[PDB]
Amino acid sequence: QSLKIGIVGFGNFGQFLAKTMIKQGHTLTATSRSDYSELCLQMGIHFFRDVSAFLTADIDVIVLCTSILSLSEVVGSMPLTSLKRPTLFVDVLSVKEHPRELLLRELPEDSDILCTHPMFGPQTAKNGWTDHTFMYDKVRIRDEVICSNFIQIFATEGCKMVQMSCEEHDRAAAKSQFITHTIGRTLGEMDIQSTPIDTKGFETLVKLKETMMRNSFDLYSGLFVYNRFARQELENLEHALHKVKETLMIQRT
């Protein structure tokens, strides 16, 4: 079950995955917009600056770890016919309908597709992946063996494994993750500060601002722009706040 895994987008998340993958014994290759050559040398990863070169490497699985906003450009510019053989493409974007559509549209037909969302990251899984949730949709899988072996990377780490459609994920995520990021950004904008009399609830909010804020704005933009279900949730949040606020006014009166 040891795999040759190639990572596209060697940013914070890609790096986070790579650490565990290396620990498990997989052999890694990576490519990215920015230069990660030294970090890759440290880690034992074979880095290719140029995507064309990356695509000719001996890879079982290609994992797309770029930002949600950039996936279209990135995929669009890969010379996919450079692929030596049919390969599983995995995405890990925080939204799911979009990578699914793009990959189905853009990839060679004979390449498999696994759309995933590990519902955790460096800020929330500092000490291991156990009991963190890994969502996946087997969008186009023919080589079950390779697909299983990849999914096992998460399973062996103790993740709660959830198989779900990309649509179902976006629906759920809009109601849950998107809202949470939104509150977290709002708290960030407020620059909330600990006080000498924090409630436990306030404490958790301060922690939330901290974790939510350590994500890129591109990431949080992606959650909204590319989830068709997000806009309604944002309205629901506003509507709810206003409902509460008016009830207060009625009480003032």
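One rule holds for the numbers: they count along the sequence shown, beginning at 1.
Checked against the record, the higher mean CA B factor of 72 to 80 and 132 to 140 lies with 72 to 80.
Note on 43 to 51 vs 211 to 219: mean CA B-factor is higher in 211 to 219. The PDB entry gives the largest Cα B-factor of the residues 168, 106, 91, 97 to 106.
Ranking 57, 64, 61, 205 by the C-alpha B-factor listed in the PDB entry places 57 at the top. Among the modelled residues of the chain, residue 193 sits in the highest third by CA temperature factor in this PDB entry.
For residue 161, the recorded CA B-factor ranks within the middle third of the chain. Only modelled residues enter the ranking. In the deposited entry, the Cα temperature factor of residue 177 sits in the bottom third of values across the chain's modelled residues. Per the PDB record, residue ranking by Cα B-factor puts residue 121 in the lowest third of the chain. The deposited CA B-factor of residue 145 belongs to the highest third of values across its chain.
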